[PDB]
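S.K.: build me a structure from this.
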Amino acid sequence: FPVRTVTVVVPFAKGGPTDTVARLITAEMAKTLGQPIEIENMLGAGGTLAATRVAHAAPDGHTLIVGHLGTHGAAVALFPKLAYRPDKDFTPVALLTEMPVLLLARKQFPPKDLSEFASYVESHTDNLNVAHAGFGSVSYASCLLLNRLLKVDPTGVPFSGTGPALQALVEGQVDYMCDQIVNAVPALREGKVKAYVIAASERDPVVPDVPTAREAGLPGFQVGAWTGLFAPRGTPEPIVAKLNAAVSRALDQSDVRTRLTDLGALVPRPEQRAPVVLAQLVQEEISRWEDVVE
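M.R.: Residues are numbered from 1 along each chain as shown. Okay, here it is:
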């Protein structure tokens, strides 16, 4: 293993955070595996179609899925009739990264802080559009958490990913969005959108002028977006061991550490790299979003 090109399926549109992470790590992975890795962007069913098709793929290790806090976590609690169990229909391979989520808005969004932001959504809640990438998305899970904390229910506008959703925010076609920091950073650095808060305990040094949800009065708004590599259930443990080690050696490449960390994402630490660390994150994420619904 491998005997041919490995397919790594991404549930979201090219250019977005999940795609950006997967392309960066999987290219370096080819050096350990001895075969090239093909990225397939497979859209549909609010980010869950990819995971559904890979739940049903041959468990030979040649067909893998990138999952995250949405597709393999919050989706259980938030997605009616989810077609898979993220714990039991997948063999976890590797944690790829973890990063905070940011509340972004269009440049000219009139609220200047989270105080004003709550009042203005509470007041215009008909005419407002919140962007997400479907009920299996981080963007959706994060905006549902924020909107329930602030007791507002504006219209959601579904996108094929936060890549397209971000461009919609840049053109002011939508009002706000909760997004993964790796997607948000380049737009912020060009001044094309603004962040109100980071859904984290601590400020992120790549966006140090953005206040935590805690310091801006909403400590319940904490979303640590993990991204993971999974295989179909029953993928042999040796094939899983070799893929996992390929991720580990990829994460050690200078090119990968500096690209991940420059965009505000963490490099999984050595003690975070076992397949079970990711299985434990799936279990905790599933329960966390069951609590949010309750």
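S.K.: just give the closest residue to residue 244, not the sequence neighbours.
M.R.: residue 94 (4.9 Å; C-beta to C-beta, 6 or more residues apart in numbering). (Each C-beta comes from the backbone N, C-alpha and C, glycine too.)
S.K.: could you look up the SS state of that neighbour?
M.R.: When classified by DSSP: H, G, I helix; E, B strand; the rest coil, residue 94 comes out as strand.
S.K.: quick one: residues contacting residue 219.
M.R.: Contacts for residue 219 (C-beta atoms under 8 Å, 6 or more residues apart in numbering) come out as residue 213.
S.K.: for the stretch 151-294 of the chain, what spans make up the helices?
M.R.: 162-170, 181-189, 237-251, 254-262, 275-293 (DSSP state H, counting those that start in this stretch).
S.K.: closest to residue 1 out of those helices?
M.R.: Nearest to residue 1, of all these, is helix 237-251, at 4.9 Å by C-beta to C-beta.
S.K.: output that closest one as CSV, nothing but the C-alphas.
M.R.: Extracted C-alpha coordinates of helix 237-251, given in CSV (Å, rounded to 0.1, in the frame of the first residue of the first chain):
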residue,chain,number,x,y,z
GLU,A,237,-4.7,-0.8,10.9
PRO,A,238,-1.3,-1.2,9.0
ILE,A,239,-2.7,0.9,6.1
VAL,A,240,-4.0,3.4,8.7
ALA,A,241,-0.5,3.3,10.5
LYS,A,242,1.4,4.2,7.2
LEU,A,243,-1.1,7.0,6.2
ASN,A,244,-0.9,8.4,9.8
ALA,A,245,3.0,8.4,9.7
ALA,A,246,2.7,10.1,6.2
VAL,A,247,0.6,12.9,7.8
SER,A,248,3.1,13.1,10.7
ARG,A,249,6.2,13.5,8.3
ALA,A,250,4.1,16.0,6.2
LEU,A,251,3.3,18.1,9.3
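S.K.: mind listing what's buried along it?
M.R.: Under the neighbour-count criterion of 16 or more other C-beta atoms under 10 Å, helix 237-251 has 239-240, 242-244, 246-248, 250-251 buried.
S.K.: could you do stretch 219-239 as well?
M.R.: Burial within stretch 219-239, assessed by neighbour count using 16+ other C-beta under 10 Å, is assigned to 221-232, 235, 239.
S.K.: same thing with stretch 281-294?
M.R.: 281-282, 285-286, 288-289, 292.
S.K.: and that stretch, how far from the chain's centre?
M.R.: 15 Å (C-alpha atoms, centre = their mean, to the nearest Å).
S.K.: identify the residues contacting it?
M.R.: Residues contacting stretch 281-294 (C-beta under 8 Å, 6+ apart): 69, 72-74, 76-78, 86-87, 90, 92, 95, 141, 144-145, 148, 226, 228.
S.K.: I'd like the next helix or strand past the helix or strand where residue 20 lies.
M.R.: Element membership for residue 20 (DSSP states H and E) is helix 17-33. Later in the chain than helix 17-33, the nearest helix or strand by DSSP H and E is strand 37-41.
S.K.: and that following strand, what other elements does it pack with?
M.R.: strand 6-10, helix 17-33 (3 or more C-beta pairs under 8 Å, 6 or more residues apart in numbering; DSSP states H and E).
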